Amino acid sequence: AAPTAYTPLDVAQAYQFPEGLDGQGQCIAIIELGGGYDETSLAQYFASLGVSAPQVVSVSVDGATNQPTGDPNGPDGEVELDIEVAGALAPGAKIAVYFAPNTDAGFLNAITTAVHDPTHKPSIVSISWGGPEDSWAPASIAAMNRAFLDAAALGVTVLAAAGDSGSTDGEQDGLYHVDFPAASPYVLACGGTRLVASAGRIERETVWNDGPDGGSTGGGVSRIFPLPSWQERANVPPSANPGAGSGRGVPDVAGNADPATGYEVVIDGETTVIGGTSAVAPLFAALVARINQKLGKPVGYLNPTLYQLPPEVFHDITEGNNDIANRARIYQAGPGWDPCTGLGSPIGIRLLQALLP
Ligand SMILES: [Ca+2]
């Protein structure tokens, strides 16, 4: 195969994003635990995309500030990527990037800060950081979970990439682990795929899996969180780990993440190509920004509503697995919800259609 790339507008096109909407009146908050973002690269990208640059603002949490390392191959990548994909698709909204110490408490304080932020009042929050759910301090996970719940009951969407290491989520204990915050049931977990689409159609789209060296979408069965009531007709399989057990399946939806069909971005002055699920939360954060707009109200927590929406609102991914550890093929995709791509990739238009009164 040959590695390609899209700009953020092309992929939106692919997924039939509702046109004529930009996020105006809306405000997206993006969580960042390191690195920074340089204004030269941003303006260059927003012009290069023939889009009017959206307002970007930094918010210091527990000390942390906007601290770019100049290395396009380091944190900055993640910080600029998030703002570039998000800002290019919903240029109308207002970006509010929140930086915090990379600690269990900085991550938490950052979320609660944005979530209840009275000055920027974001309606959506995008997270592209995380970690095995079984590696976080239990008190941490419960704290954050509630932070999300508090978020829901506040009319605020919370999206988060599902990882970049497949079903094993980068752990060699020989078991399967899913990623947090993605496992939190109050989070719309974003998985990743390898999309092959053009202005008028998605030629193909499979689970994103480039082996051990290339990365693969995180996904599977939570071992911490029970099976949501709204996810009970999704046929989440039980864990593949010996002992089995029900669990909140991951992810909820998926979007392009395969670097080999990555995003074309501008990091620290360098024009390169980034991938991974980190691109998907902001990808869909912009989606929700336009939908909130047309509606004139925050769709807040979308998970319950999504799981019972009809088939034509989602493209179903059926080929592929996100197992980069063995030949067992766990987890494997198939018709309808699966532990690789969840409900599949959304079709914005049909999704806004589905949500209006
Ligand atoms: Ca499927």
# chains A, B, ... in the order shown; residues from 1 in each chain; ligands from 1
call {"tool": "residues_around", "arguments": {"residues": "residue 268 in chain A", "least_positions_apart": "5", "cutoff": "7 Å", "atoms": "only C-alpha atoms", "output": "number ranges by chain"}}
result
A: 38, 41, 70-72
call {"tool": "write_last_selection", "arguments": {"atoms": "C-alpha atoms", "output": "mmCIF file, in the first residue's frame"}}
result
data_model
loop_
_atom_site.group_PDB
_atom_site.id
_atom_site.type_symbol
_atom_site.label_atom_id
_atom_site.label_comp_id
_atom_site.auth_asym_id
_atom_site.auth_seq_id
_atom_site.Cartn_x
_atom_site.Cartn_y
_atom_site.Cartn_z
ATOM 1 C CA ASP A 38 3.019 28.587 18.189
ATOM 2 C CA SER A 41 2.205 27.735 12.429
ATOM 3 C CA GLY A 70 10.087 23.653 19.218
ATOM 4 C CA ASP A 71 10.160 19.969 18.355
ATOM 5 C CA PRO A 72 7.473 19.205 15.752
#
call {"tool": "residues_near_ligand", "arguments": {"ligand": "ligand 1", "cutoff": "12 Å", "atoms": "only C-alpha atoms and all ligand atoms", "output": "NGL selection string"}}
result
:A and (191 or 193 or 205-207 or 234-236 or 250-254 or 311 or 314-321 or 331-346)
call {"tool": "closest_residue", "arguments": {"among": "A:5, A:110, A:267, A:328", "to": "residue 35 in chain A", "atoms": "only C-alpha atoms"}}
result
A:267
call {"tool": "select_by_dssp", "arguments": {"residues": "range 245-315 of chain A", "states": "strand (DSSP E)", "output": "ChimeraX atom specification"}}
result
/A:249-250,253-256,261-267,270-274,314-315
call {"tool": "residues_around", "arguments": {"residues": "residue 22 in chain A", "least_positions_apart": "2", "cutoff": "10 Å", "atoms": "only C-alpha atoms", "output": "PyMOL selection string"}}
result
chain A and resi 18-20+24-26+54+87-93+286-287+289-291+293-294
call {"tool": "select_by_dssp", "arguments": {"residues": "range 17-202 of chain A", "states": "helix (DSSP H, G or I)", "output": "NGL selection string"}}
result
:A and (39-48 or 76-89 or 104-115 or 133-135 or 138-152)
call {"tool": "residues_around", "arguments": {"residues": "range 57-59 of chain A", "least_positions_apart": "5", "cutoff": "12 Å", "atoms": "only C-alpha atoms", "output": "mmCIF file with N, CA, C and O atoms, in the first residue's frame"}}
result
data_model
loop_
_atom_site.group_PDB
_atom_site.id
_atom_site.type_symbol
_atom_site.label_atom_id
_atom_site.label_comp_id
_atom_site.auth_asym_id
_atom_site.auth_seq_id
_atom_site.Cartn_x
_atom_site.Cartn_y
_atom_site.Cartn_z
ATOM 1 N N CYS A 27 -17.936 27.252 21.818
ATOM 2 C CA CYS A 27 -16.593 27.271 22.378
ATOM 3 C C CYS A 27 -16.068 25.891 22.763
ATOM 4 O O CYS A 27 -16.598 25.235 23.661
ATOM 5 N N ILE A 28 -15.006 25.477 22.080
ATOM 6 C CA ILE A 28 -14.354 24.194 22.312
ATOM 7 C C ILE A 28 -13.125 24.310 23.240
ATOM 8 O O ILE A 28 -12.234 25.132 23.019
ATOM 9 N N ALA A 29 -13.079 23.473 24.270
ATOM 10 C CA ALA A 29 -11.948 23.449 25.184
ATOM 11 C C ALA A 29 -11.164 22.168 24.864
ATOM 12 O O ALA A 29 -11.760 21.093 24.668
ATOM 13 N N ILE A 30 -9.837 22.299 24.807
ATOM 14 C CA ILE A 30 -8.944 21.197 24.479
ATOM 15 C C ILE A 30 -7.960 20.979 25.635
ATOM 16 O O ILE A 30 -7.278 21.909 26.058
ATOM 17 N N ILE A 31 -7.870 19.757 26.144
ATOM 18 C CA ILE A 31 -6.980 19.484 27.269
ATOM 19 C C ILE A 31 -5.571 19.133 26.796
ATOM 20 O O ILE A 31 -5.395 18.224 25.965
ATOM 21 N N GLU A 32 -4.574 19.846 27.328
ATOM 22 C CA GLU A 32 -3.163 19.612 26.989
ATOM 23 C C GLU A 32 -2.322 19.537 28.271
ATOM 24 O O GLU A 32 -2.362 20.444 29.105
ATOM 25 N N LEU A 33 -1.558 18.454 28.420
ATOM 26 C CA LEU A 33 -0.710 18.229 29.604
ATOM 27 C C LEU A 33 0.800 18.384 29.316
ATOM 28 O O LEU A 33 1.630 17.760 29.990
ATOM 29 N N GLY A 36 3.387 23.070 23.717
ATOM 30 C CA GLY A 36 2.686 24.331 23.527
ATOM 31 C C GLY A 36 2.209 24.488 22.099
ATOM 32 O O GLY A 36 2.204 23.524 21.355
ATOM 33 N N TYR A 37 1.796 25.692 21.723
ATOM 34 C CA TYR A 37 1.348 25.944 20.354
ATOM 35 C C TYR A 37 1.851 27.305 19.900
ATOM 36 O O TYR A 37 1.701 28.297 20.616
ATOM 37 N N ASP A 38 2.466 27.345 18.721
ATOM 38 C CA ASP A 38 3.019 28.587 18.189
ATOM 39 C C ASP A 38 2.071 29.199 17.174
ATOM 40 O O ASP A 38 1.602 28.510 16.249
ATOM 41 N N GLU A 39 1.805 30.495 17.347
ATOM 42 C CA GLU A 39 0.893 31.252 16.480
ATOM 43 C C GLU A 39 1.318 31.405 15.005
ATOM 44 O O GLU A 39 0.497 31.745 14.161
ATOM 45 N N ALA A 64 0.958 25.178 35.051
ATOM 46 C CA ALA A 64 1.195 25.004 33.620
ATOM 47 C C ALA A 64 0.767 26.171 32.711
ATOM 48 O O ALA A 64 -0.258 26.823 32.952
ATOM 49 N N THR A 65 1.573 26.417 31.668
ATOM 50 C CA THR A 65 1.327 27.474 30.681
ATOM 51 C C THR A 65 1.581 26.916 29.291
ATOM 52 O O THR A 65 1.787 25.732 29.133
ATOM 53 N N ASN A 66 1.582 27.794 28.293
ATOM 54 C CA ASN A 66 1.819 27.414 26.902
ATOM 55 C C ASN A 66 3.321 27.308 26.714
ATOM 56 O O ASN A 66 3.984 28.314 26.503
ATOM 57 N N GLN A 67 3.857 26.093 26.762
ATOM 58 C CA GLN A 67 5.301 25.909 26.661
ATOM 59 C C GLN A 67 5.809 25.006 25.543
ATOM 60 O O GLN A 67 6.266 23.872 25.797
ATOM 61 N N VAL A 79 -0.427 19.136 20.543
ATOM 62 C CA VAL A 79 -1.108 20.365 20.892
ATOM 63 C C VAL A 79 -1.582 21.139 19.687
ATOM 64 O O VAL A 79 -2.702 21.649 19.672
ATOM 65 N N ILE A 83 -5.594 21.565 17.865
ATOM 66 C CA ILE A 83 -6.131 22.876 17.514
ATOM 67 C C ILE A 83 -6.302 23.031 16.008
ATOM 68 O O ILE A 83 -7.250 23.678 15.554
ATOM 69 N N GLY A 87 -9.909 23.546 14.963
ATOM 70 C CA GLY A 87 -10.145 24.898 14.484
ATOM 71 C C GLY A 87 -10.448 25.026 13.007
ATOM 72 O O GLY A 87 -11.175 25.939 12.600
ATOM 73 N N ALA A 93 -16.200 28.553 16.083
ATOM 74 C CA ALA A 93 -16.141 28.443 17.532
ATOM 75 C C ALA A 93 -14.904 29.127 18.084
ATOM 76 O O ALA A 93 -14.113 29.703 17.340
ATOM 77 N N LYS A 94 -14.755 29.051 19.402
ATOM 78 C CA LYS A 94 -13.629 29.647 20.100
ATOM 79 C C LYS A 94 -12.850 28.566 20.852
ATOM 80 O O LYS A 94 -13.373 27.933 21.766
ATOM 81 N N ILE A 95 -11.595 28.365 20.469
ATOM 82 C CA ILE A 95 -10.746 27.363 21.112
ATOM 83 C C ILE A 95 -10.234 27.877 22.452
ATOM 84 O O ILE A 95 -9.901 29.044 22.581
ATOM 85 N N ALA A 96 -10.204 27.001 23.452
ATOM 86 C CA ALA A 96 -9.718 27.332 24.790
ATOM 87 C C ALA A 96 -8.871 26.149 25.237
ATOM 88 O O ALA A 96 -9.363 25.186 25.809
ATOM 89 N N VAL A 97 -7.583 26.231 24.951
ATOM 90 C CA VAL A 97 -6.644 25.182 25.287
ATOM 91 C C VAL A 97 -6.235 25.285 26.760
ATOM 92 O O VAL A 97 -5.760 26.340 27.207
ATOM 93 N N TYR A 98 -6.419 24.192 27.503
ATOM 94 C CA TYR A 98 -6.080 24.147 28.927
ATOM 95 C C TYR A 98 -4.824 23.310 29.201
ATOM 96 O O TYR A 98 -4.839 22.093 28.980
ATOM 97 N N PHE A 99 -3.749 23.956 29.678
ATOM 98 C CA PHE A 99 -2.478 23.267 29.977
ATOM 99 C C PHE A 99 -2.353 22.981 31.471
ATOM 100 O O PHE A 99 -2.638 23.850 32.302
ATOM 101 N N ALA A 100 -1.896 21.777 31.814
ATOM 102 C CA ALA A 100 -1.734 21.404 33.212
ATOM 103 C C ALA A 100 -0.611 20.405 33.374
ATOM 104 O O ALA A 100 -0.244 19.697 32.427
ATOM 105 N N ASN A 109 -7.764 18.453 37.454
ATOM 106 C CA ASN A 109 -8.035 19.874 37.677
ATOM 107 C C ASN A 109 -8.294 20.596 36.355
ATOM 108 O O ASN A 109 -9.127 21.508 36.282
ATOM 109 N N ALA A 110 -7.589 20.177 35.307
ATOM 110 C CA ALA A 110 -7.775 20.783 33.998
ATOM 111 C C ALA A 110 -9.220 20.549 33.526
ATOM 112 O O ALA A 110 -9.911 21.473 33.126
ATOM 113 N N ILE A 111 -9.684 19.308 33.595
ATOM 114 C CA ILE A 111 -11.030 18.998 33.140
ATOM 115 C C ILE A 111 -12.087 19.766 33.918
ATOM 116 O O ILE A 111 -12.953 20.407 33.325
ATOM 117 N N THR A 113 -11.762 22.343 35.525
ATOM 118 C CA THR A 113 -11.577 23.770 35.292
ATOM 119 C C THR A 113 -12.308 24.223 34.041
ATOM 120 O O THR A 113 -13.093 25.188 34.075
ATOM 121 N N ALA A 114 -12.039 23.527 32.939
ATOM 122 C CA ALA A 114 -12.686 23.822 31.666
ATOM 123 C C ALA A 114 -14.188 23.602 31.832
ATOM 124 O O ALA A 114 -14.986 24.508 31.598
ATOM 125 N N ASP A 117 -15.667 26.228 33.641
ATOM 126 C CA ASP A 117 -15.096 27.527 33.312
ATOM 127 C C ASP A 117 -16.164 28.558 33.002
ATOM 128 O O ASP A 117 -16.823 28.497 31.976
ATOM 129 N N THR A 119 -15.722 31.801 32.355
ATOM 130 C CA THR A 119 -15.301 32.840 31.435
ATOM 131 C C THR A 119 -15.413 32.334 30.007
ATOM 132 O O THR A 119 -15.981 32.996 29.147
ATOM 133 N N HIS A 120 -14.888 31.153 29.739
ATOM 134 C CA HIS A 120 -14.979 30.639 28.377
ATOM 135 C C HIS A 120 -16.220 29.761 28.144
ATOM 136 O O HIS A 120 -16.649 29.550 27.005
#
